[PDB]
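Trainee: Chains as they are written, first to last, in the deposited numbering: chain f2, 2 to 49; chain a3, 2 to 445; chain b2, 2 to 217; chain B4, 1 to 64; chain a4, 148 to 227, 235 to 439; chain i2, 3 to 59. All C-beta atoms in this analysis are idealised placements derived from N, C-alpha and C, irrespective of residue type, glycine included. Structure below; questions to follow.
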Ligand code: HEM
Ligand code: HEM
């Protein structure tokens with residue numbers, strides 16, 4: 002059962018997270034903020 | 002009385018440096034029983050794909066005969082003087098240690114040196130131990146908690162070699178050659194990285210002299226400077242769900258980022274996991290436990306068990322929770338566990354932090370008793386931290402942590418993070434990933 | 002544990018609109034149920050503001066509709082939104098009917114019967130509301146369709162005299178149709194809840210018609 | 001102290017901060033040995049057919 | 148009860164104790180199968196008022212001082235048989251592809267040099283594997299059956315010492331259709347050991363084995379607590395462990411072959427469990 | 003990109019802070035966008051409305 006490996010998502014990953022060697026702590030706030038900023042602009046339009 | 006003054010009545014571990022580069026360290030404590038061990042930084046993280054599971058195989062063939070005392074004479078001397086041989090290996094550490102008596106110390110160190118630096122492999126040995134590891138994998142496919150931890154590391158460290166298993170996949174096990182074994186032995190059983198440490202009733206001079214008379218002559222130079230070097234990897238956050246309904250109970254492991262080692266957030270998150278902690282279904286006082294997760298889970302009959310816990314590796318790790326529960330109970334147990342995490346994130350009071358301090362101190366002192374766990378304390382201390390940390394230091398770091406810093410740290414490392422869910426069993430009711438993430442950040 | 006599965010209103014709502022196990026491969030055409038619902042409640046709202054500005058009599062009807070479309074501000078978009086909302090209602094409705102015919106979702110029997118009752122109800126509502134403006138096309142469409150109801154022998158003539166409220170198309174016919182164009186969409190909303198009830202009981206339907214109870 | 005030098009299609013990645021150069025496995029030693037061997041043999045053939053005192057024409061590279 | 152008994156060895160040891168004595172030591176630690184939901188608290192009140200008296204109690208303190216302990220003892224705690239051997243067997247046909255067979259005679263009570271002879275004897279015979287993934291170069295029973303049967307098996311001796319009686323024997327885990335070979339091979343080994351074929355450096359090796367085990371039960375404060383309390387109730391008098399080891403290794407193989415001669419002389423009792431299609435009863439031995 | 007990261011750290015961490023953020027954003031963009039929309043509508047005619055010839059009389 003130890004032979005469970007993931008198929009690699011290199012086609013799907015974001016350009017900050019295509020590096021499978023750099024850490025993903027200092028890459029977190031910008032990515033989450035960009036997604037939430039799209040949600041915020043949507044919410045602004047709906048509230049208008 | 003005077004608990005801090007009683008903590009100053011604890012001996013100190015002598016640290017010395019054998020001329021090959023070897024870290025030796027001793028804690029002369031007050032007992033006739035000794036534990037002498039070797040901690041080696043050769044886990045599974047330092048491997049290729051084709052060297053996967055070579056280290057587990059080495060540890061099998063670590064005790065099965067050498068070029069010096071061939072075949073079984075090692076075991077015969079162990080059972081001659083009544084030695085207690087033991088070994089384990091993790092993804093980041095590998096240790097061999099011996100529980101024995103105050104007087105067989107030169108002969109025990111001779112045994113341990115002949116284990117490490119003169120390990121030799123043979124064809125009957127490699128064939129029979131390949132069959133043995135096929136038996137061990139085929140009979141530990143059903144060790145369920147082990148399968149859950151395998152899935153969790155595999156899904157949280159995708160691509161990087163940290164996702165390798167401790168045993169390796171079957172098709173790297175059934176085709177290893179002696180040459181790759183010799184390469185692994187050559188490239189990771191090196192003098193400066195490893196620690197000889199003893200704990201018991203014995204003086205440091207004796208240990209230093211015996212290490213001088215035996216460990217003078219292992220290693221110190223690499224095969225044309227092919228230096229293994231750490232890579233601080235990346236925590237993905239995902240879910241792998243193994244739907245297999247013909248099982249009685251369902252296992253969930255949920256995990257987030259590890260803080261690392263040297264940061265004090267290590268200690269503060271260990272306080273948070275002292276608050277959350279562990280329940281097993283066989284307790285008394287079930288309706289009245291102070292841990293709120295277990296109180297709600299018992300009164301509403303949610304889970305068989307949980308352990309809510311920490312794991313750290315070099316600049317990384319898995320901070321998380323494990324719970325086992327019935328296939329019609331996973332969702333509400335999940336909900337109450339995220340409720341406990343977020344209640345600690347935004348609304349951490351003072352008395353619960355005091356309870357965390359009591360639990361963590363008692364667990365730390367109760368963990369550091371008995372000669373062999375104290376020797377394991379010293380081994381993992383001088384490997385990772387590079388020093389035996391004293392326990393007055395732990396007292397200082399506990400007393401320098403209050404409710405404010407705890408809710409700061411849990412607001413940093415938990416609140417709206419990207420989790421990893423490794424679920425195994427009957428988990429069709431186990432909620433989809435988006436509602437886990439929507440349950441993380443909470444508007445109320 | 003959780004208020005979302007203890008409070009009894011939210012028990013029904015959590016087992017209806019939150020934790021509803023739909024299948025995973027819904028295509029574009031299953032949005033039209035929600036679209037029919039949203040068109041319906043927007044119809045109810047725009048009609049409510051229309052009912053606040055309208056005087057229903059054959060002397061006064063066209064005067065009042067003109068009054069709404071001029072003087073009461075934004076009532077021009079309220080009127081036009083009600084009319085074209087009925088139009089989009091029937092476009093979405095024929096799409097939803099065509100989907101239910103096409104993907105083999107018509108096996109769900111009593112759901113489908115409730116559907117046909119809903120279809121007649123929407124047709125009656127649209128007919129009576131289209132009588133309401135009391136113009137030329139309104140008037141002659143009304144007279145044509147009522148004598149079409151009179152085509153059935155021996156009771157249908159008197160039935161048509163009965164639904165007139167007169168011997169022709171009179172003021173009484175106008176207020177009868179005002180009252181029923183008001184009161185039928187509430188019946189439509191309640192029967193929509195019944196439609197959704199039987200659908201939640203029996204189970205939804207994937208595009209491929211495969212029994213899709215493994216990938217919710 | 002530094003945002004770790006994102007590369008481009010123009011900015012070459014320099015020799016120092018690879019950071020693949022510090023994970024020397026035995027395969028990289030094997031590859032560097034064989035690559036030096038290939039360069040050795042090609043400079044040998046080239047130098048012998050470069051220093052012939054009778055060789056009038058050009059050395060006529062098959063690579064170009 | 149279910150959580151504890153999911154290991155097979157709890158059922159095996161309990162069916163051996165229900166096979167061991169004809170009397171109250173055959174009662175389990177655990178509640179029996181049917182009493183769950185039948186017993187009242189009045190037995191509990193009576194049981195505390197006749198067994199939790201001040202005359203029956205050992206209070207041990209570690210980390211405390213003496214007079215604090217003594218004073219709180221003096222303020223609160225001033226508030227106030236002969237099991238027979240049985241003979242026989244219990245077969246537990248269950249079917250887990252694991253024959254579990256424990257074979258036990260009656261040996262000796264606690265606190266005798268005879269009991270020390272039985273202890274050094276069972277370390278001669280077989281015990282817990284001192285090498286992880288080991289091969290047991292010294293456990294002679296494992297030697298004799300590894301000579302005999304080339305399969306997954308495991309053989310270990312067994313001592314249940316009590317204040318009045320005691321149990322000696324061994325314990326075997328094997329496959330279903332190969333268990334008879336294992337039990338016969340191990341028993342013929344015990345015969346040729348109890349004949350007197352047991353040598354002096356093996357005696358010294360087992361002396362060091364028992365000395366190692368006894369010093370290594372009392373490493374931390376928990377095993378230290380265990381030893382001191384069970385002594386201070388069982389005897390009422392502390393003894394240092396060093397002179398305990400002195401009293402241990404004062405014996406020789408005289409009492410060892412006398413006691414093994416008693417065991418082969420002893421009327422056997424046993425308990426088997428599992429898929430038992432090829433299991434020796436008693437009579438095949 | 004850190005300008006979006008520091009925007010996350012300032013205005014997207016908390017809930018009520020996020021709500022007050024979209025309040026201020028919707029109000030200011032409402033004002034300026036209605037001004038721009040009316041400007042585009044007058045620009046696309048510039049000679050047809052009632053306002054300019056009503057004040058030039
Ligand atoms: C109960 C809620 C409703 C009320 C109170 C209501 C009220 C009205 C009123 C007062 C009118 C006359 C206004 C006018 O025709 O200019 C009207 C017209 C009309 N209504 Fe409704 N209505 C309602 C629901 C609906 C629904 C559900 C439909 C069908 C989708 C509908 C279809 C129509 C149509 C087709 C007209 C004629 C539009 C026109 O000729 O201008 N109404 N309604
Ligand atoms: C009053 C107008 C109607 C409304 C508001 C309405 C509303 C809905 C809604 C909300 C759904 C669920 C949509 C989904 O699950 O994707 C639905 C499903 C369905 N409706 Fe209706 N419906 C109406 C009329 C009808 C009619 C006339 C029929 C035909 C008899 C019909 C047949 C169905 C069927 C077969 C489904 C199941 C869809 C599937 O799982 O494939 N409905 N309806």
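Buried or exposed, going by whether 16 or more other CB atoms sit within 10 Å of the CB of residue 142 (chain a3)?
Mentor: Under this definition residue 142 (chain a3) is an exposed residue.
Trainee: Tell me the rounded alpha-carbon separation between residue 43 (chain i2) and residue 22 (chain f2).
Mentor: Distance between the alpha carbons of residue 43 (chain i2) and residue 22 (chain f2) is about 53 angstroms.
Trainee: DSSP three-state label for residue 282 (chain a3), please.
Mentor: Three-state result, residue 282 (chain a3): coil.
Trainee: Name the residues in the segment 12-30 of chain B4 whose C-beta lies less than 9 angstroms from a C-beta of chain a3; which are they?
Mentor: Under the 9 angstroms Cβ criterion, the segment 12-30 of chain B4 contributes 19, 22, 23, 24, 25, 26, 27, 28, 29.
Trainee: Which runs of the alpha helix (DSSP H) at least 4 residues long sit entirely within the segment 243-269 of chain a3? Give them in chain order.
Mentor: Those alpha helix (DSSP H) runs which fall completely within the segment 243-269 of chain a3 and span 4+ residues do not exist here.
Trainee: Does the segment 25-33 of chain f2 come close enough to the segment 3-11 of chain i2 that 3 or more CB-CB pairs lie under 8 angstroms?
Mentor: These segments touch.
Trainee: Can you have a look at residue 189 (chain a3) and say buried or exposed, based on whether 16 or more other CB atoms are within 10 angstroms of its CB?
Mentor: Buried, because 16 or more other Cβ atoms sit within 10 Å of the Cβ of residue 189 (chain a3).
Trainee: Just to confirm, does residue 31 (chain f2) get its C-beta within under 7 angstroms of one of the non-hydrogen atoms of ligand 4?
Mentor: As for ligand 4, it is missing from this structure, which binds only ligand 1 and ligand 2.
Trainee: Name the two residues that bound the continuous beta strand (DSSP E) containing residue 329 (chain a4).
Mentor: Counting along the chain, residue 329 (chain a4) falls outside any beta strand (DSSP E), and DSSP gives it neither H nor E.
Trainee: In chain order, what residues of the same chain have a beta carbon less than 8 angstroms from the beta carbon of residue 302 (chain a3), not counting five sequence neighbours either side?
Mentor: Answer for residue 302 (chain a3): 330, listed in chain order.
Trainee: Please list the terminal residues of the continuous alpha helix (DSSP H) segment that includes residue 158 (chain a4).
Mentor: Element bounds for residue 158 (chain a4): 155-167.
Trainee: Could you check whether residue 250 (chain a4) and residue 429 (chain a4) sit closer than 8 angstroms to each other, using their CB atoms as the reference points?
Mentor: Yes, these two residues count as a Cβ contact at 8 angstroms.
Trainee: What residues in its chain sit with their C-beta under 6 angstroms from that of residue 339 (chain a3), if we drop five residues either side in the sequence?
Mentor: Excluding positions up to five away in sequence, the list reads 440.
Trainee: Helix, strand or coil: which one does DSSP assign to residue 351 (chain a3)?
Mentor: Coil, per DSSP.
Trainee: Alpha carbon to alpha carbon, how far is residue 287 (chain a4) from residue 102 (chain a3)? Give it in angstroms, no decimals.
Mentor: Using only the alpha carbons, I get a separation of about 22 angstroms.
Trainee: Beta carbon of residue 182 (chain b2): closer than 7 angstroms to some heavy atom of ligand 2?
Mentor: Not under cutoff, so the answer is no.
Trainee: I'd like the span of the alpha helix (DSSP H) that includes residue 344 (chain a4), first residue to last.
Mentor: Segment 333-348, the alpha helix (DSSP H) holding residue 344 (chain a4).
Trainee: Taking any Cβ of chain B4, which residues in the segment 94-116 of chain a3 have a Cβ under 7 angstroms from it, in chain order?
Mentor: If the cut-off is 7 angstroms between Cβ atoms, the segment 94-116 of chain a3 has nothing near chain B4.
Trainee: Does the distance from the C-beta atom of residue 220 (chain a4) to that of residue 209 (chain a4) stay below 8 angstroms?
Mentor: Cβ distance not < 8 angstroms, so residue 220 (chain a4) and residue 209 (chain a4) don't count as in contact.
Trainee: Is the shortest distance between the beta-carbon of residue 23 (chain a3) and the beta-carbons of chain i2 less than 8 angstroms?
Mentor: Output row for residue 23 (chain a3): interface = no.
Trainee: Against chain a3, with Cβ distances strictly below 8 angstroms, would residue 2 (chain b2) count as a contact?
Mentor: With 8 angstroms as the cut-off, residue 2 (chain b2) counts as an interface residue toward chain a3.
Trainee: Using DSSP bridges, identify the partner residues of residue 24 (chain a3).
Mentor: Beta-bridge pairing links residue 24 (chain a3) to 18 (chain a3), 196 (chain a3).
Trainee: When you compare each of 18 (chain a3), 314 (chain a3), 413 (chain a3), 393 (chain a3) to residue 195 (chain a3) by their alpha carbons, which one comes out closest?
Mentor: If we check each option's Cα against that of residue 195 (chain a3), 18 (chain a3) comes out closest.
Trainee: Any heavy atom of ligand 1 closer than 7 angstroms to the Cβ of residue 52 (chain b2)?
Mentor: Under cutoff, so the answer is yes.
Trainee: How far does the beta strand (DSSP E) with residue 247 (chain a4) in it reach, from first residue to last?
Mentor: Taken as a continuous stretch (DSSP letters only), the beta strand (DSSP E) holding residue 247 (chain a4) covers 242-247.
Trainee: Taking 7 angstroms as the cut-off, is the CB of residue 86 (chain b2) close to at least one heavy atom of ligand 2?
Mentor: No, the beta carbon of residue 86 (chain b2) sits no closer than 7 angstroms to any heavy atom of ligand 2.
Trainee: Residues in its own chain within less than 7 angstroms of residue 300 (chain a3) by CB, not counting five upstream and five downstream?
Mentor: The answer, listed in chain order, is 288.
Trainee: Can you name the residues that DSSP bridges to residue 9 (chain a3)?
Mentor: Answer is none; residue 9 (chain a3) lacks a bridge partner.
Trainee: By alpha-carbon positions, which one of 252 (chain a3), 397 (chain a3), 75 (chain a3) ends up nearest to residue 328 (chain a3)?
Mentor: Closest by alpha carbon: 252 (chain a3).
Trainee: Taking DSSP as the reference, what is the three-state secondary structure of residue 120 (chain a3)?
Mentor: Correct three-state label for residue 120 (chain a3): strand.
Trainee: How is residue 32 (chain i2) classed by DSSP in three states: helix, strand or coil?
Mentor: Residue 32 (chain i2) falls in the helix class under three-state DSSP.
Trainee: Exposed or buried, what is residue 234 (chain a3) when buried is set at 16 or more other beta-carbons lying within 10 Å of its beta-carbon?
Mentor: Result: buried.
Trainee: Tell me whether residue 103 (chain b2) counts as near ligand 2, meaning its Cβ is closer than 7 angstroms to at least one heavy atom of that ligand.
Mentor: Incorrect: residue 103 (chain b2) has no Cβ contact closer than 7 angstroms to ligand 2.
Trainee: Residues of chain f2 with CB closer than 8 angstroms to the CB of residue 169 (chain a3), please, in chain order.
Mentor: Within chain f2, the residues near residue 169 (chain a3) are 3.
Trainee: Sort 375 (chain a4), 308 (chain a4), 399 (chain a4), 257 (chain a4) by Cα distance to residue 160 (chain a4) and report the nearest one.
Mentor: The candidate whose alpha carbon is nearest that of residue 160 (chain a4) is 257 (chain a4).
Trainee: Cβ of residue 27 (chain i2) within 7 angstroms of any heavy atom in ligand 1?
Mentor: No, the beta carbon of residue 27 (chain i2) sits no closer than 7 angstroms to any heavy atom of ligand 1.
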